[PDB]
Amino acid sequence: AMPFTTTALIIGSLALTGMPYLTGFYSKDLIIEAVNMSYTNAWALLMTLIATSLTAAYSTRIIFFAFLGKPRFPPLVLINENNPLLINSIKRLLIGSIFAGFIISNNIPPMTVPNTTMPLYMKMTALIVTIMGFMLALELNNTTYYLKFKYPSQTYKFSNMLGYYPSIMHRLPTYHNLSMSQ
Amino acid sequence: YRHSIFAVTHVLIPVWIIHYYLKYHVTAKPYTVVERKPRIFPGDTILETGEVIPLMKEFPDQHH
Amino acid sequence: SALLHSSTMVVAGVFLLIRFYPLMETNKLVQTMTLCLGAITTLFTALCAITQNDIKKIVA
Amino acid sequence: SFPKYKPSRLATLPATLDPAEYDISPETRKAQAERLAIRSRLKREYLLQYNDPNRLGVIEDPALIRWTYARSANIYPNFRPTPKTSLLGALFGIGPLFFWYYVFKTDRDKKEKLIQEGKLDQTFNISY
Amino acid sequence: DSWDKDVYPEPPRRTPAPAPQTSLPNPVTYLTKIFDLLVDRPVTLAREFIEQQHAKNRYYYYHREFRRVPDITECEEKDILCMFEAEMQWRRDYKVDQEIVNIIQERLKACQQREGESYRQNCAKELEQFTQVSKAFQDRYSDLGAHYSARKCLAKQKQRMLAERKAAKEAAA
Amino acid sequence: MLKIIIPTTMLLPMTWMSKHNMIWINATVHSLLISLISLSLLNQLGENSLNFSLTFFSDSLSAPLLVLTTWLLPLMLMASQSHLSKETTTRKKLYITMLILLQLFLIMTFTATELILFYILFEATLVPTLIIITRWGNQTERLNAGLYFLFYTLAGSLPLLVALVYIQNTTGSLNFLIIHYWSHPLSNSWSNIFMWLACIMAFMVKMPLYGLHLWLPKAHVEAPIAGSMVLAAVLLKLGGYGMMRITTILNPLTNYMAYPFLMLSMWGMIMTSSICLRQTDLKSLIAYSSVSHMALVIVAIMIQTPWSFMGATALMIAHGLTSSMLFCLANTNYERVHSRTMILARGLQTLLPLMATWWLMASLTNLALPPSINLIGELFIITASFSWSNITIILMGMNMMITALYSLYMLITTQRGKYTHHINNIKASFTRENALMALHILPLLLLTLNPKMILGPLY
Amino acid sequence: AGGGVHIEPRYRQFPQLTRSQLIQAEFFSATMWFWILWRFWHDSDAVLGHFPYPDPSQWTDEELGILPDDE
Amino acid sequence: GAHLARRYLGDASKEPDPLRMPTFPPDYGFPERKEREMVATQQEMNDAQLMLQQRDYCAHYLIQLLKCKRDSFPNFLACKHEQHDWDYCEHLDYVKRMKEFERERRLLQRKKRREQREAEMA
Amino acid sequence: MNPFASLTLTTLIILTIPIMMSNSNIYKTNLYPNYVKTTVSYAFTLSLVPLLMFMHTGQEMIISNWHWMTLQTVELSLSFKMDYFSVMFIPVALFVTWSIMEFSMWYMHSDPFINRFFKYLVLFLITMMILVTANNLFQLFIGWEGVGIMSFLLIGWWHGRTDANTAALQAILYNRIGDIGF
Amino acid sequence: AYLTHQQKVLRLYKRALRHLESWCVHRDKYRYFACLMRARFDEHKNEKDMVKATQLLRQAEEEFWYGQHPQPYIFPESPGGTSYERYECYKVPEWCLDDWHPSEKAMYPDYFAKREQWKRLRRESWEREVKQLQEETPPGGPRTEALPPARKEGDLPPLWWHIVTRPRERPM
Amino acid sequence: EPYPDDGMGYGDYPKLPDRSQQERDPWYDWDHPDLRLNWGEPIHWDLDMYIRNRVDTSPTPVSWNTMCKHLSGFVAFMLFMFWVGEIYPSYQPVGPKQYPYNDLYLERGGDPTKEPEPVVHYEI
Amino acid sequence: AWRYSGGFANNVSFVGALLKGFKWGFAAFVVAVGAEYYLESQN
Ligand SMILES: CCCCCCCCCCCCCCCCCC(=O)O[C@@H](COC(=O)CCCCCCCCCCCCCCC)COP(=O)(O)OC[C@H](O)CO
């Protein structure tokens, strides 16, 4: 229904993952390779690896629900992206995602310590965790297609209301400080 | 024409007065516009002293 | 949000450390806290990212 | 199944599981019946001035004026000195003031004794 | 320019010789060349016309000197007139010494940017120069209070050799 | 001076014998003209204070206040001339007489060379203000408010009078010059302790300091607008001018004794701004806001370091021009709705578009963004206070965080919201109001370019 | 009032699609792959790990300078 | 690497602690180990504005890299052979490090199994 | 001292021109958004030039100008620092803000205060530019507070939305806690 | 007023169905689970004892309250919705137009002239609305929040000005 | 019923239940829709705290005590083994950077007069 | 009904959408690698 907008979304989502030789690769998995080859805080390293895999997870949710499925919007469809301003704006940025990762990396002077000699197994973990994240997130998202009755998991609850953060943060000290004020 | 007059009254005349500001006004004051020295390499001569910088000696043929 | 809260205003925080990077390396305790803070921030925001039902929240 | 939703001063109990609407007697219906009536008198009155073309002024809410009085002037004349108020005055008042006094004085004594011996060095600190 | 290198030492530049082996043209030459012929040249033309217009009617200005006056170390106690002459001179000496630190700070800041990456060791002479200025300025003016006066400055000064006399006498043993 | 004091005095017979309706015109003409003349004193020489006569002299601290007071005089005229246009000619003439007289005392006080002459006129400002708050006030609590303001200021000022004459008998002359060049070490002793307390309490009450401040929420709120400015925009700084001059002799006893005042101001400023977080009267909101800013000046004076004195004057001038602005803002609504409750008139940007913009920069100046003079003052004190003690940045910044919430709070509650349904008498803002607001904020943002003029006597 | 709507609304039906959006989407969705394989062919070593990691165990004590247990 | 598991879960004695290694004299047991040298002399090394963390022994494989990168501008796709040379040379000094890391590792159980060896029979 | 000094500094001056032009009302009220976009586009293409001497010459600038105050022994004055992080961030920021400004025309084609909205965006860009181009910590604070307040208005752009002010209040609240360390 | 049981159970059905919308997502899954939800409601419909009905409600409300989606789907043009009062900041009241300058007043002669007709119509009918109220007030003040209509001809409905002349939901 | 007579000066002001304006029926007609408030209804003593853009007491789906237990658990759970990551840091089978010219003492801000003790690296 | 019937039927799979444009992307490679081979043979 929205070819160019969907096309741009896939490009942007893939950049979030860091597909090789694309804009995402020239920064992100270079960091993950860099963070592996360092004296890090052990538990700090693991969380990023869980995080970068988690980057693909919500990325599927965007592509899965919004595009890959049957329509669910109100009946009167007003889908339209033919406006030149919309096309030109996305087009200008979209070429910046296909390129400018190679362009900047080559153009900038080489001035960082290069991690050249790593054992193979952690060299491409960024591709593993994303593909692993891609595979299971798709299966779990497609599990919604199954007619099975849903059971509200308490872990899902913790994630959905933002780690219970807003209702303690944005309710308790605000009340206490304002209560002390009056 | 709209683009041409735009360049004159938004690109030409602004950089004109900044150039005057950054060529005679501030430049008459020391240590107001300072840059890192042009990073030179052994090899190419320096324009002012006219002396080729002594190039390094042999590398131990560390070819792939 | 597409301009400010995506790539041009929230960048200020990380950019500040980039300006003071030469003074960053001398200390060892604080720089560990930076990678420590980034680690928890990555998971918790991503952990709350997946289970959201609004397109704007997911990108945020 | 899943044990119940205990409330809190910040997370109040919703009306969808409150026993009040799930156990009702005729007396409760009688009391809540004309709750609209007392609100209707307020609403019908307020609508009458609001929709009045001749009304070219602001409509004063006596509840709102009462609230400003209750928060500003009707406090000290209604204040009664009691140990609860007396202790809270000291605990929220002179208490923290001495607390900061002890913290700052100790730091100043710490700082003053240290540079006297020669511990802290401000070879580059000049402006102060 | 409008100053001397002895006050603002700027080491002579070291510019390389651009010799691009690659056949494709260097664009940065082209934008620089068009910049000179489209912006820089009219700016210079206006400037020289401005400079000669100034040169037609030359009005001069000189610089104010303050002859040395007796300071507060020889000022008699309760001598209000010599109190004022000494106090004003000391505060004038305060302002110039403040500018002395100001100059050294500018040189140190120039030391950083000019060396770029090599700021740490190339001009450590600037760092020790500021170390001497800042340390001496500390015992000279620092901690004098918002109501600093030449009497207070002697009071802080007198504390130094008095402590120094005790130390050296202890050191001599 | 004589060159500003005499024109100020000569405005008094001019306004009295002026034309029936031209009183507001002519008084505004020359009061602006006199302010232009007072711009001449903004220049200061190298270190010696600008001295004209034996009784009058100026320095790099009095002159920035002198221009502020004389520049203020036109502003009270236009702001008050809205409601004053509905009474007798003599009554209106009596008001302009009283503002002219009140300003006259302020100009002569700030340039006073003898400390006794300073005290006489410093306390003499009570009479023009006291009658302003009482006679022309628009409430009932003004009667109690006027008594609170008069008695608090006088109860502290009287020990100063006894203390001041004591210096005269013991040390000799009390000229601000001879005091400075003949400063003697005030050694720690119980008699000197009360000497220190007497010479300080008088100026502390008029700051006001946390605890000796309950006169401000009563005086400022109940006062008429022509007054509501000066009790917040100039004469609070008059207590400030007293501190920075009288502390010339109070060394080194000040650092040993300053601790109760520092803790009271440094901790109370969090509490005072906490009142602003939950308030019901817009005038009271700004009033308690002034206490927090002045409390920051209170701590600033007592470190007695070059940076603190600069940030003291910078905030002192900037807050006065700011707090005067907000009182104009609250005045405009209070005339249209005839009430001071905040929630009554929610929604003004929808109806008054530029009033929101003026409210935006007004609440922004109090928010003290860089490089606004409010920020250039508070930031200087924070660095000076931090050098004194590292812990104080917890308290100093906490207000800076807290002050953001309430300073934008009336912006949200009044401007940013649905317009109140029942109110129907809001009118398009008169060009007097907008012109007055520009007269407040344009010098403030213009002053940002050259803070050296207002930076104090230690630049 | 006036026109200017190249598209038209659809009720419970596939919305009208024009030429410009379709091949514009196809071009960039295809050239993204063109970049993917072209750079892969030229620079497969970057993702592969061009430089091998030697196995520590195979390094014998001789070039390691490890004098044997007899001493 | 896998040594981390053998250091924490396993006995940490057998495994080095990169904070303080080397501990025993590296020259001990090494017959005339060859002294490292660098062609890039310091003043030109400082001239190149070369970052401290990039000032290793193989840092002279940058000076030509920047030189070609400077001169070959605007061609950025060029300067690949010498760039690969630097990375390959970054390989060499890097593999040098796990040689001494392994040597420290291998001398660890060497000394330790000796410690109970010449002490158990007595 | 090449054009890299003057030309890179005028980029900000091009950006602030629409802000001054707004109050004079000489701008045609219909085509103000077009005025803003092509102005940023001109600044963007002008901001490309600082890049070319960055890879070619490898030079960086520090531009100090008019003295603010000679406060004691410090020389607080306006000053800018061109460097690796700066000379490329503005081209990226300008390219991004140009693309969205073109997009903003199509999306916000019905807001009656559209001229005001584009005015806010330029002001944010000016505050962000001086944030990334700052030599003294005080100038860094100018942007550090300029972007924060600019976010507050822009978040509460829809004004009457009751919860929008809460987020607007939230944005400044969390920012002020951040400014504690600053 | 007093919300009777048959209304409250309908409120549960409407709200619970909207909640499983946030759960079921896919339309075919919705239509299946809705039918089970629908018929499972109708299976117990012969309870002559009203107490048992509340007893059936004694577990349903908690069933809803723990099975509710933590991020339920609400349409934007509603409380909690993303577009709630989004366009409110343009709802300028119509009485503000009386303060327009004559130059702007003359800019739209037709609308302003018709505004005068409405203002004159409101002025004439106001007192007509007023006596209509006390002609049929319930003994003891207004009992219900409802508002009686215009009983006779030539009379506008009582208290009609604000409802009729309210700003449009899409003012722009 | 008025507030408890703690002597706090509340007076006879009604003790309305501590319920924020967020807990109002939006579809019900409100004379002050931005506050969901009618006319003359005695407003809460702390209205300026429970107002729409402030502290809201709307019921969260999950219980407040469980809300605290999970949040307080998570931060402590995550922080506690952030520390155990530090006591067991992750490093690679590689020694320290063998740096030239005695750890670049001259270039590392060292005193030229103070000759650095010989730090030289060899082949391995 | 319409949410499944009509043109809204036969929606591509997740992975299938990921390789959108690969049908022509591989063809772009073939002609590109052919030019590289021709340039390689030319040298
Ligand atoms: C409303 C209550 C007071 C509010 C706060 C006011 C400020 C607090 C301090 C109060 C005392 C102010 C009066 C100070 C007088 C001048 C102080 C001075 O210069 O110091 C003298 C010290 O001043 C005093 O001795 C008097 C002041 C101390 C307090 C005693 C009197 C004041 C308290 C009671 C009256 C005021 C309280 C209100 C009563 C209703 C030095 O003289 P000396 O004692 O060294 O004399 C020479 C020789 O040694 C012996 O004389």
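Residues numbered from 1 in each chain as written, not as in the entry; some residues may be left out. Chains lettered and ligands numbered in written order. Part of a larger assembly, values for the part shown. Heavy atoms only, no water.

The name given to chain I in the PDB entry is NADH-ubiquinone oxidoreductase chain 5, with the source organism recorded as Sus scrofa. Per the PDB record, the entry is named "In-situ complex I, Deactive class06".

The PDB entry lists chain D under the name NADH dehydrogenase [ubiquinone] 1 beta subcomplex subunit 4, with Sus scrofa given as the organism. Reading the Sequence similarities (unreviewed entry) entry of the UniProt record for chain D gives the comment "Belongs to the complex I NDUFB4 subunit family." (UniProt positions renumbered as here; feature names shortened; annotations may be inferred.)

Let's talk about the pattern of salt bridges
Applying the stated criterion to the full structure yields 52 salt bridges over all chains. Here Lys166(E) makes a salt bridge to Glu170(E), at a shortest N to O gap of 3.6 Å. Of this pair, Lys166(E) and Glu170(E) both sit in helix α4 (residues 150–172), four residues apart, which is roughly one turn of the helix. For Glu170(E), a relative accessible area of 49% corresponds to the partly exposed category. Within this structure, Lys37(B), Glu10(E), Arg114(E) and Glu115(E) form a network of salt bridges that share partners. (Salt bridge = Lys/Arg side-chain N within 4 Å of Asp/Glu carboxyl O. Helix = DSSP H or I, 4+ residues; strand = E, 2+ residues; numbered from the N terminus. Buried < 20%, exposed > 50% of the residue type's maximum accessible area, 1.4 Å probe, protein only.)

Looking at the packing of helix α16 (residues 306–337) of chain F against helix α18 (residues 373–388) of chain F
Residue and element names in this part refer to chain F. Look at α16 against α18: their axes get within 7 Å of each other, and the N-to-C directions meet at 150°. Between α16 and α18, the interaxial angle falls into the category roughly antiparallel. Helix-helix and strand crossings are classified by hand; for α16 and α18 the assignment is left-handed. Along the contact surface, α16 presents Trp307, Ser308, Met310, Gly311, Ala312, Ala314, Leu315, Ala318, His319 and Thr322, while α18 presents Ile373, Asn374, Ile376, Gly377, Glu378, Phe380, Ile381, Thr383 and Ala384. The residue makeup of the contact of α16 with α18, split by class, is 11 nonpolar, seven polar and one charged. (Axes fitted to C-alpha atoms, helices over the stretch in contact; angles between N-to-C directions. Parallel < 35°, antiparallel > 145°, perpendicular 65-115°, else oblique. Left-handed = near helix turned anticlockwise from the far one by under 90°. Contact = heavy atoms within 4.5 Å. Nonpolar A, V, L, I, M, F, W, Y, C, P; charged D, E, K, R; others polar.)

Some details on the state of the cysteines
Residue and element names in this part refer to chain E. Within the structure shown, the criterion is met by one disulfide over all chains. In this model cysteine 111 forms its disulfide with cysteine 123; the gap between the sulfur atoms is 2.0 Å. Linking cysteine 111 and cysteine 123, the disulfide has an S-S dihedral of approximately 90° and is accordingly described as right-handed. Placement of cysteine 111 in helix α2 (residues 80–115) and of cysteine 123 in the loop between α2 and α3 (124–140) is noted, with a sequence separation of 12 residues between them. (Disulfide = S-S within 2.5 Å.)

Structural notes on the site of the ligand
Residues and elements named next belong to chain F. Taken together, the neighbourhood of the ligand is formed by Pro159, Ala163, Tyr166, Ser191, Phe194, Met195, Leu197, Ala198 and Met201. Contact between the ligand and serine 191: an oxygen atom at 3.3 Å from a side-chain N or O atom of the residue. In isolation the ligand offers 1000 Å² of accessible surface; the protein chains occlude 40% of this area. For the shell around the ligand, the secondary-structure elements that each account for two or more residues are α7 (142–170) and α9 (190–205). A total of six residues in the shell around the ligand trace back to one element, the largest contributor, which is α9. For the shell around the ligand, a count of residues per class yields eight nonpolar, one polar and no charged. (Near = heavy atom within 4 Å. Polar contact = N/O pair within 3.5 Å; in protein donor to acceptor, adjacent residues only side chain to side chain. Areas by Shrake-Rupley, 256 points an atom, 1.4 Å probe, with all protein chains shown as cover.)

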